[PDB]
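Notes follow once the structure below has been shown.
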Amino acid sequence: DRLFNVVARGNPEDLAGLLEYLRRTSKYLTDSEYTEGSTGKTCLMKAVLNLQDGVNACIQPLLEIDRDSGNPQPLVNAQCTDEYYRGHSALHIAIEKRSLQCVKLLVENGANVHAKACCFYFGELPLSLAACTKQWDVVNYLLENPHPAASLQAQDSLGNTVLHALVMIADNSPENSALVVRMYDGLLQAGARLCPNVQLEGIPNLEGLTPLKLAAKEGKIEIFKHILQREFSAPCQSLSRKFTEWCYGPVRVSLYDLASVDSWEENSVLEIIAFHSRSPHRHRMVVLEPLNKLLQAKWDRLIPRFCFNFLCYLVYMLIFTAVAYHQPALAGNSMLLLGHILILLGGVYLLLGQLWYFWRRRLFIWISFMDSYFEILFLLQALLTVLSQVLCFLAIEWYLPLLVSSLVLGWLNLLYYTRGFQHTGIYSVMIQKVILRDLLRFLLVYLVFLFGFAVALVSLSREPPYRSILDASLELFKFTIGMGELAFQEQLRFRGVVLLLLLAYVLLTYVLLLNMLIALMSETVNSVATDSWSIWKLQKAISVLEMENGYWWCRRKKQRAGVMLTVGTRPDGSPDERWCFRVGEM
Numbered sequence: 076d077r078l079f080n081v082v083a084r085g086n087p088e089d090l091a092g093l094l095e096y097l098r099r100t101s102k103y104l105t106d107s108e109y110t111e112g113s114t115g116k117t118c119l120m121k122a123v124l125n126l127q128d129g130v131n132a133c134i135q136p137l138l139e140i141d142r143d144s145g146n147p148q149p150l151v152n153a154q155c156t157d158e159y160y161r162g163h164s165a166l167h168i169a170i171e172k173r174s175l176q177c178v179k180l181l182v183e184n185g186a187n188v189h190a191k192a193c204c205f206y207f208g209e210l211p212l213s214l215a216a217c218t219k220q221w222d223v224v225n226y227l228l229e230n231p232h233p234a235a236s237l238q239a240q241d242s243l244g245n246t247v248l249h250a251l252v253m254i255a256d257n258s259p260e261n262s263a264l265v266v267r268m269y270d271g272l273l274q275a276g277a278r279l280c281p282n283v284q285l286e287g288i289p290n291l292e293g294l295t296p297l298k299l300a301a302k303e304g305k306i307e308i309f310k311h312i313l314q315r316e317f318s319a320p321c322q323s324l325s326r327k328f329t330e331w332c333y334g335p336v337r338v339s340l341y342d343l344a345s346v347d348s349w350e351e352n353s354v355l356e357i358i359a360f361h362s363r364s365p366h367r368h369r370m371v372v373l374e375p376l377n378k379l380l381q382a383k384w385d386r387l388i389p390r391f392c393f394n395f396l397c398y399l400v401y402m403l404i405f406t407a408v409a410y411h412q413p414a415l427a428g429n430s431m432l433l434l435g436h437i438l439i440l441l442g443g444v445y446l447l448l449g450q451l452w453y454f455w456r457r458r459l460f461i462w463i464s465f466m467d468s469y470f471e472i473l474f475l476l477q478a479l480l481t482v483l484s485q486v487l488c489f490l491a492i493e494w495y496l497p498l499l500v501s502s503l504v505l506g507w508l509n510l511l512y513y514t515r516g517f518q519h520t521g522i523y524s525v526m527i528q529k530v531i532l533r534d535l536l537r538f539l540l541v542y543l544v545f546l547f548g549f550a551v552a553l554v555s556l557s558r559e586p587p588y589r590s591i592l593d594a595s596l597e598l599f600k601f602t603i604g605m606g607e608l609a610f611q612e613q614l615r616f617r618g619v620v621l622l623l624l625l626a627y628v629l630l631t632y633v634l635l636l637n638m639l640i641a642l643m644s645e646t647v648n649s650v651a652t653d654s655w656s657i658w659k660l661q662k663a664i665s666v667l668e669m670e671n672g673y674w675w676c677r678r679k680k681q682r683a684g685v686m687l688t689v690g691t692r693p694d695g696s697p698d699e700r701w702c703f704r705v706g707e708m
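Using the entry's author numbering, the letters of the sequence shown map in sequence onto residues 76 to 193, 204 to 415, 427 to 559, 586 to 708.
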């Protein structure tokens, strides 16, 4: 066709000449019925692709052509194919091309907002697409153009509102992040000046989330800082409140609005970041001021119960220990039975505690292992304890081994409560993290090749007795704690090679340990420093949020929701009040 050859033309007047044929035939929406594939949008997509005179003076007339066709579905109703951009409009394409005019025309052509574009820029509201492209003019054009706007109150199939979207795409890159901030607050005040009154934030995402909550779970950072600490104020922008106020200070003695951060109501921002949040690095986020002020406060508030619990634990250990040590090869038999029973009581208590702890985690997949290992250790200890006493009453053969295992472990478990007391606990932990990782990787290899050498030596010894494989492996292991042998004897008659071999061993395990030592050394040589400090900070935070509520081991089952915030002083305009928190100085 003429228009078919005008798929690539630059002169749509030809396609108007065949639009006379469009006037002739009763065939409507022949844009598909032409040669055009790729959903058929390719004509208008070609118009877009042209960018004639920095605009499309090609599109406008051909737009007028499709208009004149009176077709059931114009070419904007076209849906781009799945997996790359699914149902993506030529409109969306236009925005992608950053053409203001022809877009304004498409709108003027009667093109529609609500759509699904899929990409990795979700833009299901074309408004949001515009935002992703970072152009005000166009968003204001939506505001105006054609006449209506796209209600921000509208959400997509993911449920994610424009804001949520912004946050999704919100990146580390502080350039991009900055512009995003600008447009974020800008759109905030925009809709707030236009809606003007409705909740622009607080609309649940797929998993119900405030856009801020969404920030957390998505592990958003810079804009989290921004959204947290804001300044809006005039004209009515103080109805949005920007989460801030100030009064009674030479330098800014300020009040903060703890709303979704309130740490009790439902699942707080804290409650999110703590557990639910996946994270490359969460260690940063709790370092934010309006948090750590609250946190430290809550801590100061929370200690005596903590140190008490600690003390209890300690007592328990003492008991456990004595019960073990003074336990004979079988005060008095009375206090003996008392011992065992008391153990059993502690054991059941803990195992219950930690149990419903996991329950409370819904058996949440713990990538928190790095933070959570103590939890596990408790659990495992506990179960071993009670198991021990089980086989005590049942009078099973092996009990005391399991018992004392639970003991040794038990103490080793204790140092958990360092979490609170001292500040070098920080480095102890950061270390604990990287060091354990690297040490595992190491230990495997060490093990394996030592095993190799084991079979070597045993085999050559196979004709006093240096024979038992395990034994051989010991005689070989004692070289790494340096009680080892290396003695030469012509007894073996391949003595030469035997000793030669274990010498190779020595050299080798040495170079290995060296390798490791330096390796992890380097790891901390590159150091984010106070990142560790923060690592400690949150390490503490998790604890506080846990001691937030009682014991569903039911020593005290119900802890009050008694945490709360000061009542707000702010009746700005039609909104008449809030309920909030206080910071200071700086």
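Even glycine gets a Cβ: it sits at the ideal position worked out from N, Cα and C.
Check, Outcome
"Distance, Cα to Cα, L273 vs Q322?", "9 Å"
"Let's see if you can read the secondary structure: which residues bound the alpha helix (DSSP H) around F703?", "Counting along the chain, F703 falls outside any alpha helix (DSSP H), though it belongs to the beta strand (DSSP E) covering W701 to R704."
"Going along the chain, which residues of its own chain have a beta-carbon closer than 8 Å to the beta-carbon of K102, five neighbours each way excluded?", "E108"
"Within 10 angstroms of the Cβ of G208, are there 16 or more other Cβ atoms? Answer buried if so, exposed if not.", "buried"
"Can you list, in chain order, the residues of its chain whose CB lies under 7 Å from that of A122, leaving out five sequence neighbours each side?", "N131, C133, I134 and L137"
"Would you mind reading off the limits of the alpha helix (DSSP H) that contains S665?", "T652 to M669"
"Give the straight-line distance between the Cα atoms of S345 and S353, rounded to the nearest whole angstrom.", "5 Å"
"Comparing alpha-carbon positions, which option in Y445, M402, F545 and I461 lies nearest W674?", "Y445"
"Verify whether the separation of the beta carbon atoms of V371 and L660 is less than 7 Å.", "yes"
"Quick check on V82: does DSSP put it in helix, strand or coil?", "coil"
"For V530 versus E645, is the C-beta spacing smaller than 7 Å?", "yes"
"Just verifying my parser: in three-state terms, what is the DSSP assignment at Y495?", "coil"
"Check whether the Cβ atoms of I527 and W658 lie closer than 7 Å to each other.", "no"
"Where do the N-terminal and C-terminal ends of the alpha helix (DSSP H) with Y226 fall, by residue?", "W221 to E229"
"Would the beta-carbon of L150 fall within 7 Å of that of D106?", "yes"
"Compute the Euclidean distance between the alpha carbons of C676 and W452, then round it to the nearest angstrom.", "11 Å"
"Please give the ranges of any alpha helix (DSSP H) in the stretch 234-317, keeping only runs that are unbroken, at least 4 residues long and fully inside the region.", "247-254, 259-279, 296-302 and 307-313"
"Does the Cβ of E158 have 16 or more other Cβ atoms within 10 Å, making it buried, or fewer, making it exposed?", "exposed"
"Taking all protein chains shown into account, decide if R456 is buried (16 or more other Cβ within 10 angstroms of its Cβ) or exposed.", "exposed"
"Measuring straight from C-alpha to C-alpha, what distance separates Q148 and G115?", "12 Å"
"Do you know offhand how far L181's Cα is from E707's?", "53 Å"
"Pick out whichever of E668, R692 and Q485 has its Cα sitting closest to the Cα of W349.", "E668"
"Does DSSP put residue 53 in a helix, in a strand, or in coil?", "Nothing can be reported for residue 53, as the shown portion of the chain is limited to 76 through 708."
"Indicate the three-state DSSP secondary structure (helix, strand or coil) for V336 in the structure shown.", "coil"
"Compare the C-beta of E668 against all C-beta atoms of chain C and say whether one is closer than 7 Å.", "Of the chains in the structure shown, none is chain C; there is only one protein chain."
"Less than 7 Å separating the beta-carbons of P296 and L248?", "yes"
"Taking 8 Å as the limit between beta carbons, can you name the residues of its chain near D694, skipping five residues before and five after?", "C321, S323, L324 and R326"
"For my contact list, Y341 and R704 are in at a C-beta cut-off of 8 Å; report their separation, rounded to the angstrom.", "7 Å"
"Pair every Cβ in the stretch 360-379 with every Cβ in the stretch 303-314, then say whether three or more of these pairs are closer than 8 Å.", "yes"
"Can the beta-carbon of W384 be found closer than 7 Å to that of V685?", "no"
"Does the stretch 386-404 come close enough to the stretch 434-444 to have 3 or more Cβ pairs within less than 8 Å?", "yes"
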